[PDB]
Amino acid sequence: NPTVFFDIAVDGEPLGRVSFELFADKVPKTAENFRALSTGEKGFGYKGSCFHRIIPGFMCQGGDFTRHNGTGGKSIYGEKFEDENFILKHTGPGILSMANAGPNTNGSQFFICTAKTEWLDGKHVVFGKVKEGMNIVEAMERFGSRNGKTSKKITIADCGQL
């Protein structure tokens, strides 16, 4: 299973590194999309994009590198790709899972759970988990709000494969 990292910044000031394990053994196509987008190897990806929706008690969501406004994002397979499987569940903090707009609409947006979110099971593809740096994700929460609008710009300043 591959490992990727995000270096997080807050209004451009460094916060710290979050690293993820990607469950290529169980969801290879979805893991590969996230791996490739973290390295930028297709010519596009997460570097420079922001976490546009942070809701304390629930999750941190990001990954729109095409429109930089919460509505965009694209996969390495095309704008969107199908739900690979729903084998893994949203079991607790640290889970990494795909955002979508209904069945078979995975692009690049993702979320990191800060709590168990079981009602998302079978609707969002879980494909990874935080390995190091969960305290960075916890530190991101206070820049969020009830409806998720952030009070500082929380950005992926750098990212890659370990």
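Sequential numbering from 1, following the sequence displayed.
Colleague: Taking only the CA atoms, which stretch has the higher mean B-factor in the record, 39-47 or 97-105?
Modeller: Comparing averages over the C-alpha atoms only gives 39-47.
Colleague: Between 64-72 and 112-120, which has the higher average C-alpha B-factor in the PDB entry?
Modeller: Comparing 64-72 with 112-120, the higher average CA B-factor belongs to 64-72.
Colleague: Which third, lowest, middle or highest, does the C-alpha temperature factor of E141 belong to within its own chain?
Modeller: Within its chain, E141 is a middle-third residue by C-alpha B-factor, going by the deposited values.
Colleague: C-alpha B factor of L22, ranked within the chain: lowest, middle or highest third?
Modeller: Middle third by C-alpha B-factor.
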